[PDB]
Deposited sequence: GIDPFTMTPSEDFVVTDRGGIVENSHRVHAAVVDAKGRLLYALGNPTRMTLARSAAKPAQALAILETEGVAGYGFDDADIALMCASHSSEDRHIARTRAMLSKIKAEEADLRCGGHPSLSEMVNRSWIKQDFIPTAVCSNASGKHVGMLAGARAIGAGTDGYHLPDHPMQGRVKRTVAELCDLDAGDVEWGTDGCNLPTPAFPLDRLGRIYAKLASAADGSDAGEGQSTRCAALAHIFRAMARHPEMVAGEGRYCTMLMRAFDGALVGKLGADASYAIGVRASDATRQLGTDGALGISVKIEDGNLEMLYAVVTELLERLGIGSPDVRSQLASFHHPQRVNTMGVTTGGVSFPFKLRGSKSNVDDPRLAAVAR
């Protein structure tokens, strides 16, 4: 029944010859630069672990730490602080160059190695029995930034990754401030990279990225800015100008940001969250706002392949970009469903309904 559809029915679905294979629940929030909710899928206020989608907020805490500007981190360095990188040799090299700028060493890192987020990098590692170490962590840039912050204020580097350290105190305050939430409304776990990681309603993730894009807009216009807005503009610029540092070759975040050529930034969170900050454009205006836009997505069951398909479909439905811009992501949008003999056996479809002509008696129960 098309006239009683509900958020509980917002799915991305795979089929095999028309027969349902898997289905995945979708949550999404589209917010303006003050966080007002414009469009939604599923439960746009789902309490959600941001994971690496929080990294631009953590980078802001680092950049607002007094004395860090003296280290001479450049834009590509800041993009690495914002990264879940593929552990390509260029990311490892930049991590070592950042350690040298702050006079630290790999032994000071409290993140650990892991299989590369790139299958092609990981294939090279397997061929040489290479065991990844702390410096190959996808989060290595954030960790060097955190060491830099710790050294800059005289706190000392041991323990920089623990909640009681002033660097983590700065992070926690900064996250809650960008979300416009009280401390008690942000929850904290421990991340795979061994730092505190926040959880907050999904729409507030979109709000953070709308603030990133809004600051970029104010910077490009030559508006006076607070030190925080200037730094947010710097983070947006770094990510958009060095998207290979934020992920790597063949990675969704890198291909998405290169396709849009400065119009937006986007960032993955583990277990299938995504956030995009969209600069003010004709597209955003047609969606009903005068400023920048934020988009946040969570696939309830954590499937990454579905996340990238859904994010790309959502950009298409919001009219963000052109068909030629978004066609660079066609392989993510409609993932291949081909068997071991080259036969196409199925595909992906998007039975969700953006909400933002319905009878007023149709309840939209966030689910």
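By the record, the deposited chain contains unmodelled runs at 1-2, 359-362, with no C-alpha atoms placed there.
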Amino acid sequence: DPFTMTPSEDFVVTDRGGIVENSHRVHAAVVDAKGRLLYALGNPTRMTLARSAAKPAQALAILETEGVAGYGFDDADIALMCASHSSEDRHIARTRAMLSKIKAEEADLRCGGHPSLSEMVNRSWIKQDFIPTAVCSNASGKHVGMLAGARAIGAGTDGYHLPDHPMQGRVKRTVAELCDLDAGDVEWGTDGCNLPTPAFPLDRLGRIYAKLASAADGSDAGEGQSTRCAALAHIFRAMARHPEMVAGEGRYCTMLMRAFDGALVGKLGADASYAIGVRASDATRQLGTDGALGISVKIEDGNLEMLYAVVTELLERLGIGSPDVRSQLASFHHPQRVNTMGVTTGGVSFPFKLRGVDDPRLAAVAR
From here on, numbers count along this sequence of modelled residues.
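Two stretches are in play, 117-125 and 241-249, and the higher mean C-alpha B-factor belongs to 117-125. Taking the PDB entry as given, 324-332 carries the higher mean Cα B factor of the two stretches 26-34 and 324-332.
Comparing the C-alpha B-factors of 203, 177, 271, 220 in the entry, the top value falls on 220. Highest CA B-factor among the listed residues (190, 87, 286, 254): 286. Among all modelled residues in its chain, residue 19 ranks in the middle third by Cα B-factor.
In the PDB entry, a CA B factor belonging to the lowest third of its chain's modelled residues is recorded for residue 266. Ranked by Cα temperature factor within the chain, residue 159 sits in the highest third according to the deposited record. Annotation for residue 197: C-alpha temperature factor in the middle third relative to the rest of the modelled chain, per the entry.
Residue-level temperature factors show residue 166 in the middle third of its chain, judged at the C-alpha atom.
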